[PDB]
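Quick setup: one chain, the form deposited in one PDB entry, written in structure tokens, and binding and motion questions come after.
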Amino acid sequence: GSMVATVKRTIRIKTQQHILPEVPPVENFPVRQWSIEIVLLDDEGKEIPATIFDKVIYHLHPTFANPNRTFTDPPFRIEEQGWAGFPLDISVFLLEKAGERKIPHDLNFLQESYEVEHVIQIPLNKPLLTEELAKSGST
């Protein structure tokens, strides 16, 4: 049906984290600085700016102050501190009001950095978004 008028793109969520020794551990758990960024992959697998989104909102655990953090410029980098990793939710908003996509993300501390790929389906009915989509592959 309607879903036939879409293309697929792969986005890559890039996470990094390291301990902050100057912050007192919480219940013996060290507090870590962590960061998340979002890039788009082209049809060859290279990273390019995710300009298909005009906004990203990280939906953090309610332990955080202002847990819903909005970013408007690629690579939508968020940095926070915490002692427990958690699923957060990442809302990405396609250009021209083409749609929200919600992406759970496991924030975890086993690896200093790790990347996770997600495929999203994107409509082809907003001219500015379609023109932007041309940069990352066929349309």
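Residue numbers here begin at 1 and follow the sequence given.
There is another form of this protein, the form deposited with a partner chain bound, and it is not shown here; the text below is about that form.
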Original post:
Should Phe64 be classed as touching its partner chain in the deposited bound form when contacts are defined as heavy atoms within 4.5 Å?
Top reply: yes
Original post:
Would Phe109 count as touching its partner chain in the deposited bound form under a 4.5 Å heavy atom rule?
Top reply: yes
Subject >> its partner chain contact at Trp83 in the deposited bound form, heavy atom, 4.5 Å >> reply: yes
Original post:
So in the deposited bound form, does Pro87 come within 4.5 Å of its partner chain, heavy atom to heavy atom?
Top reply: yes
Subject >> Region of this chain that lies against its partner chain in the deposited bound form, out of 29 to 37, 91 to 99, 48 to 56, 69 to 77 [heavy atom, 4.5 Å] >> reply: 29 to 37
